[PDB]
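Remarks on the structure that follows.
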Amino acid sequence: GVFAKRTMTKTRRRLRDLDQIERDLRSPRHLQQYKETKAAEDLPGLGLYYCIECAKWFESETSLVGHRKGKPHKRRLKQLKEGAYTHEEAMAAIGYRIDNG
Amino acid sequence: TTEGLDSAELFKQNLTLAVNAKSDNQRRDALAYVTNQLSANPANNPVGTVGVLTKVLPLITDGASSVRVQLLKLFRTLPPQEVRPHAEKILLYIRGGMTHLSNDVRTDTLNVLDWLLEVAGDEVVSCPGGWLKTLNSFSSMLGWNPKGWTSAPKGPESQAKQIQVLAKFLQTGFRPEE
Amino acid sequence: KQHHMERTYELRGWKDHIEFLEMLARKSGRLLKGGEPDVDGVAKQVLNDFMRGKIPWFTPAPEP
Amino acid sequence: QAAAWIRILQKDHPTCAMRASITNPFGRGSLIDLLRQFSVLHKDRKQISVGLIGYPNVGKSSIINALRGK
RNA sequence: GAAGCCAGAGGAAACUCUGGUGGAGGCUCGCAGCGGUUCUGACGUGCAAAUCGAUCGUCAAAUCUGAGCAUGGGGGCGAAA
RNA sequence: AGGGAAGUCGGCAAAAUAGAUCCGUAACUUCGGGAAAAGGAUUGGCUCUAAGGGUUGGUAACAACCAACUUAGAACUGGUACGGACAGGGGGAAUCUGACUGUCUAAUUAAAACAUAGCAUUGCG
RNA sequence: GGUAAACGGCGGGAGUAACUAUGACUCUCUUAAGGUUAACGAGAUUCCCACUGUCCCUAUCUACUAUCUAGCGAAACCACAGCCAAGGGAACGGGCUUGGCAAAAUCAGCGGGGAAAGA
RNA sequence: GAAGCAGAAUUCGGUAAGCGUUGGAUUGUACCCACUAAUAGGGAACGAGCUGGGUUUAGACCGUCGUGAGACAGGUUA
Ligand SMILES: [Zn+2]
């Protein structure tokens, strides 16, 4: 289930995008900025247990491994396998290109 | 804090609280402390054996069984050569304690009498009233005493202790002399 | 004194008050939504203990 | 430390030591005796009134309860 | 998940631990029933001279309940208002 | 929408939590509890696999026949949602208070009131 | 005489004085208690997280009313009536005086006044 | 309009009610904080709108008083 479905679409309840997660997977700098955004003392397990694919912090290794066998994790893996939707894909869909000379 | 006072004043104060305190636990603690100091050093007795006995002999008929047991421990701690000259007053206190109504204090008084016999037998059996009055008390609290109505005769562990103390008293009185 | 805190709360090794409250929160289960320790509630517990005398403390008398 | 504080305070004013508990009080007899002495001083009046002052949570109502017994 | 019971590992024994079995409790969530906590509740010449809605307490008992009978006013009856 | 008690005497009211499986669960304690403490990970569909049985018949540790519901594991797949409606704990830190279960003012007060076990006293052979 | 887990009450002794009772006055001891509050609760209170139209600050939708029609159809209340301003000694005015003024018959709301609380 | 009123910021006084004069904290019981141009003062009540205290029917508890029924110096709950 989803906690508080009445306000799931509010801006203050927004979750991380797939393109951001893909950039975190490719580059550790972008993930480093996302982690320096949060104060590590207020994270489960002091932020030592993190799933990049789900962009989630977990309390323990047992919790992380239990997450890794679940269908939300496999959905995130399949979405990353298909690829996130980006601006370049939007321009490719509309047949528009950048001319840098 | 009671730390500036010396050991003699501690001894006298704890003896006074052991005699006059209204708390059973406080009397037990005071008696245990004075017994501990008398066990550690017999020389640590500012008031002396006579004063100690004079203060703690009324405590035989106390209702507190733990206080009675600690009083017996004090009596066993107390030096026998100093116990020996004062056998008569102690024997008055054992006679009162045996004549007391409560069976528990009767048994503990028999224990005190056993201590008195094993410490100073000859003074008990030779002092004025130490023989016949003690025999009268024994007969009275065993019910062995010698207008048209007849009277029924007057637990087990108490009677066994009574007969054992009587047997030891008779053995002490008729012990073979060399 | 530090050993009084260690005996009272059965915890040791903190470097400051923030880490002490965080360790006490994680031990006692004072956790908010998202696994965040409740440092405010734990500090309130420790203050209540301090004024109610569950934590031993005194002011020493001046020397003569 | 308590005895040292009693010495420091008894340099200034008459002081008593107290544990304000209904079940297990300490100093209750001494406080009763002190109030009896003050009543002997003010025997000409029909009664004396003793008011308790101090900070919050020092034990004023607990001292009253310990002296009363209820 | 209480006694009682079974097996295993120890322990000289007594006992200790583990896994079971069992189904106790004026125990607990909760339907009916019984009751009546809260709502700027509905209703206020009302459906009703005390009703209606949501919510709430209890639910294996000091639980709920019928019929027959007993106690009758300077009286009865009252876990007592 | 954004903010999240700034409203109000007062979070009144509403919202939020909710079933089941698994990880885990503090102070205090009359050791019985607290405890569903707290705090977390999951739940659809489809196709499979595995385990848990009965009857009859002279290493039978085997043949034949029959049977229904649970439990665990795996792949694939839709997704904004998977206890998809219904149903369904918000939780925690403290203080006062009555031991608890129970009972009463039908028609304004359900309570620190009453009762209760336990304790003590009195009269009577 | 006895009795305080009866109601109650919270010190004692000595000196002085010597009918009876009182008091006064000194002196002196002046103390029972220091190093299980659980569980349960429609009991009362404060705070924290979450949460939200409680609020900023209101907007919109649905049903049943209210509305109109056909039929049916009361009651409360009622001295007579109902626009105000100033004065009307008894700090009262809807009627009197002096002014403002003032145009049939009506419908839906409304709560200032009158009226309306088994008031 | 006046003032060592240089400028800036003002202070005192005058005509003026046209136009505004806020958001909060604190109930173990009227003052603080901030924004603002400013957070001026009153009347129409205080000579049957709603809602918190004064405030107080019937239940209950503690404190003081009373032999008592009960009352109150009072405090608390519905
Ligand atoms: Zn993941």
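Labels used: A, B, ... for chains in the order of the structure tokens, numbers from 1 for residues in each chain, and numbers from 1 for ligands as shown.
Near ligand 1, at distances of 7 Å or less and with only C-alpha atoms (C1' of nucleotides) and all ligand atoms counted, sit the residues residues 51, 52, 53, 54, 67, 68, 73 and 76 of chain A.
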Next item on the list: Tell me which protein, DNA and RNA residues are within 10 Å of residue 4 in chain D, counting only C-alpha atoms (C1' of nucleotides), leaving out same-chain ones fewer than 4 positions away, and put them as a VMD selection string.
Entry: (chain B and resid 1) or (chain C and resid 60 to 64) or (chain D and resid 8 to 10)
Item checked: Which of range 28-64 of chain C fall in alpha helix (DSSP H), as number ranges by chain -> C: 28, 39-52
Next item on the list: Tell me, as a ChimeraX atom specification, which residues lie within 6 Å of range 20-33 of chain F, counting only C-alpha atoms (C1' of nucleotides); anything in the same chain fewer than 6 positions away does not count.
Entry: /C:28-29 /G:38
Could you produce a table of the residues of chain C lying within 12 Å of chain A, with the nearest pair of atoms per residue and their separation in Å rounded to one decimal, using only C-alpha atoms, ordered by chain and increasing residue number, as JSON lines?
```
{"residue": "C:18", "atom": "CA", "partner": "A:41", "partner_atom": "CA", "distance": 10.2}
{"residue": "C:19", "atom": "CA", "partner": "A:41", "partner_atom": "CA", "distance": 9.5}
{"residue": "C:21", "atom": "CA", "partner": "A:41", "partner_atom": "CA", "distance": 11.7}
{"residue": "C:22", "atom": "CA", "partner": "A:41", "partner_atom": "CA", "distance": 8.5}
{"residue": "C:23", "atom": "CA", "partner": "A:41", "partner_atom": "CA", "distance": 11.0}
{"residue": "C:25", "atom": "CA", "partner": "A:42", "partner_atom": "CA", "distance": 11.8}
{"residue": "C:26", "atom": "CA", "partner": "A:45", "partner_atom": "CA", "distance": 9.7}
{"residue": "C:31", "atom": "CA", "partner": "A:44", "partner_atom": "CA", "distance": 9.6}
{"residue": "C:32", "atom": "CA", "partner": "A:42", "partner_atom": "CA", "distance": 9.4}
{"residue": "C:33", "atom": "CA", "partner": "A:44", "partner_atom": "CA", "distance": 9.9}
{"residue": "C:34", "atom": "CA", "partner": "A:44", "partner_atom": "CA", "distance": 6.7}
{"residue": "C:35", "atom": "CA", "partner": "A:44", "partner_atom": "CA", "distance": 4.7}
{"residue": "C:36", "atom": "CA", "partner": "A:42", "partner_atom": "CA", "distance": 4.7}
{"residue": "C:37", "atom": "CA", "partner": "A:42", "partner_atom": "CA", "distance": 6.8}
{"residue": "C:38", "atom": "CA", "partner": "A:42", "partner_atom": "CA", "distance": 9.5}
{"residue": "C:39", "atom": "CA", "partner": "A:42", "partner_atom": "CA", "distance": 10.3}
```
Can you pull out the residues contacting range 19-31 of chain G? Cut-off 8 Å, using only C-alpha atoms (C1' of nucleotides), and skip same-chain residues under 5 positions away; I want them as a PDB file with N, CA and C atoms (P, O5', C5', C4', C3', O3' and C1' of nucleotides), in the first residue's frame.
```pdb
ATOM      1  N   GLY D  27      13.586  13.823  59.827  1.00  0.00           N
ATOM      2  CA  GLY D  27      13.557  15.167  60.365  1.00  0.00           C
ATOM      3  C   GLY D  27      12.189  15.648  60.793  1.00  0.00           C
ATOM      4  N   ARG D  28      11.169  14.794  60.686  1.00  0.00           N
ATOM      5  CA  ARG D  28       9.806  15.182  61.032  1.00  0.00           C
ATOM      6  C   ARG D  28       9.680  15.500  62.516  1.00  0.00           C
ATOM      7  N   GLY D  29      10.306  14.685  63.370  1.00  0.00           N
ATOM      8  CA  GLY D  29      10.247  14.939  64.801  1.00  0.00           C
ATOM      9  C   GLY D  29      10.943  16.228  65.195  1.00  0.00           C
ATOM     10  N   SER D  30      12.085  16.512  64.561  1.00  0.00           N
ATOM     11  CA  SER D  30      12.796  17.759  64.827  1.00  0.00           C
ATOM     12  C   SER D  30      11.985  18.969  64.379  1.00  0.00           C
ATOM     13  N   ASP D  33       9.183  19.474  66.844  1.00  0.00           N
ATOM     14  CA  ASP D  33       9.703  20.067  68.073  1.00  0.00           C
ATOM     15  C   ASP D  33       9.993  21.555  67.903  1.00  0.00           C
TER      16      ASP D  33
ATOM     17  P     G G  12       2.326  16.319  78.354  1.00  0.00           P
ATOM     18  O5'   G G  12       3.596  15.698  79.085  1.00  0.00           O
ATOM     19  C5'   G G  12       3.840  14.302  79.039  1.00  0.00           C
ATOM     20  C4'   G G  12       5.229  13.960  79.513  1.00  0.00           C
ATOM     21  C3'   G G  12       5.613  14.477  80.886  1.00  0.00           C
ATOM     22  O3'   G G  12       5.057  13.718  81.943  1.00  0.00           O
ATOM     23  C1'   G G  12       7.392  14.844  79.379  1.00  0.00           C
ATOM     24  P     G G  13       4.605  14.449  83.300  1.00  0.00           P
ATOM     25  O5'   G G  13       5.963  14.611  84.113  1.00  0.00           O
ATOM     26  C5'   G G  13       6.770  13.481  84.402  1.00  0.00           C
ATOM     27  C4'   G G  13       8.173  13.881  84.780  1.00  0.00           C
ATOM     28  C3'   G G  13       8.300  14.877  85.918  1.00  0.00           C
ATOM     29  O3'   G G  13       8.151  14.288  87.197  1.00  0.00           O
ATOM     30  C1'   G G  13       9.705  15.537  84.148  1.00  0.00           C
ATOM     31  P     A G  14       7.461  15.121  88.383  1.00  0.00           P
ATOM     32  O5'   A G  14       8.615  16.095  88.888  1.00  0.00           O
ATOM     33  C5'   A G  14       9.832  15.573  89.399  1.00  0.00           C
ATOM     34  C4'   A G  14      10.923  16.615  89.421  1.00  0.00           C
ATOM     35  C3'   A G  14      10.651  17.854  90.256  1.00  0.00           C
ATOM     36  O3'   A G  14      10.865  17.654  91.642  1.00  0.00           O
ATOM     37  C1'   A G  14      11.492  18.505  88.155  1.00  0.00           C
TER      38        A G  14
END
```
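The list of chain B residues within 9 Å of chain G is residues 21, 22 and 23 of chain B; this uses only C-alpha atoms (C1' of nucleotides).
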Take the selection from the previous step and output its residues with N, CA and C atoms, as a compact mmCIF listing (two decimals), in the first residue's frame.
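Heads up, here's the output in part_17.txt:
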```
# COMPACT_ATOMS: atom_id res chain seq x y z
N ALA B 21 15.27 1.60 70.38
CA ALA B 21 14.71 1.90 69.07
C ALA B 21 13.35 1.23 68.90
N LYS B 22 12.46 1.92 68.19
CA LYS B 22 11.12 1.42 67.93
C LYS B 22 11.01 0.67 66.61
N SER B 23 12.12 0.49 65.90
CA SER B 23 12.13 -0.21 64.62
C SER B 23 12.87 -1.53 64.77
```
Item checked: Contacts of range 34-43 of chain B within 10 Å, only C-alpha atoms (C1' of nucleotides), excl. fewer than 4 positions in-chain, as a PyMOL selection string -> chain B and resi 7+10-12+14-15+18+29-30+48-49+52+70-79
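If you look at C1' of residue 84 in chain G and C1' of residue 100 in chain G, they are 7.9 Å away from each other.
Taking CA of residue 68 in chain B and CA of residue 105 in chain B as the two end points, the separation is 7.9 Å.
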Using only C-alpha atoms, I'd like a table of the residues in chain D that come within 12 Å of chain B; for each, show the closest atom pair and its distance in Å rounded to one decimal, ordered by chain and ascending number, as JSON lines.
```
{"residue": "D:1", "atom": "CA", "partner": "B:1", "partner_atom": "CA", "distance": 8.6}
{"residue": "D:2", "atom": "CA", "partner": "B:1", "partner_atom": "CA", "distance": 8.0}
{"residue": "D:3", "atom": "CA", "partner": "B:1", "partner_atom": "CA", "distance": 6.3}
{"residue": "D:4", "atom": "CA", "partner": "B:1", "partner_atom": "CA", "distance": 9.3}
{"residue": "D:5", "atom": "CA", "partner": "B:1", "partner_atom": "CA", "distance": 11.6}
{"residue": "D:6", "atom": "CA", "partner": "B:1", "partner_atom": "CA", "distance": 11.0}
{"residue": "D:7", "atom": "CA", "partner": "B:1", "partner_atom": "CA", "distance": 11.8}
{"residue": "D:17", "atom": "CA", "partner": "B:1", "partner_atom": "CA", "distance": 11.8}
```
Check: Could you write out as a PyMOL selection string the residues of chain F within 12 Å of chain A, counting only C-alpha atoms (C1' of nucleotides)?
Finding: chain F and resi 1-4+15-19+22-24+39-44+74+77-84
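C1' of residue 8 in chain E is positioned 19.4 Å from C1' of residue 22 in chain E.
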Note to self: What's around residue 24 in chain A at 10 Å? Count only C-alpha atoms (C1' of nucleotides), leave out sequence neighbours fewer than 5 positions away in its own chain, and write the answer as a ChimeraX atom specification.
What the structure shows: /A:18-19,29-34,52-53,55
Next item on the list: Would you kindly return, as a count of residues only, each protein, DNA or RNA residue with an atom no farther than 10 Å from any atom of residue 92 in chain F, considering only C-alpha atoms (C1' of nucleotides) and excluding same-chain residues fewer than 2 positions away?
Entry: 8
How close does chain D get to chain H? List, as a Markdown table, each residue of chain D within 12 Å, its nearest atom pair and the distance in Å to one decimal, counting only C-alpha atoms (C1' of nucleotides).
```
| residue | atom | partner | partner_atom | distance |
| --- | --- | --- | --- | --- |
| D:56 | CA | H:28 | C1' | 9.4 |
| D:57 | CA | H:28 | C1' | 11.5 |
| D:70 | CA | H:62 | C1' | 11.0 |
```
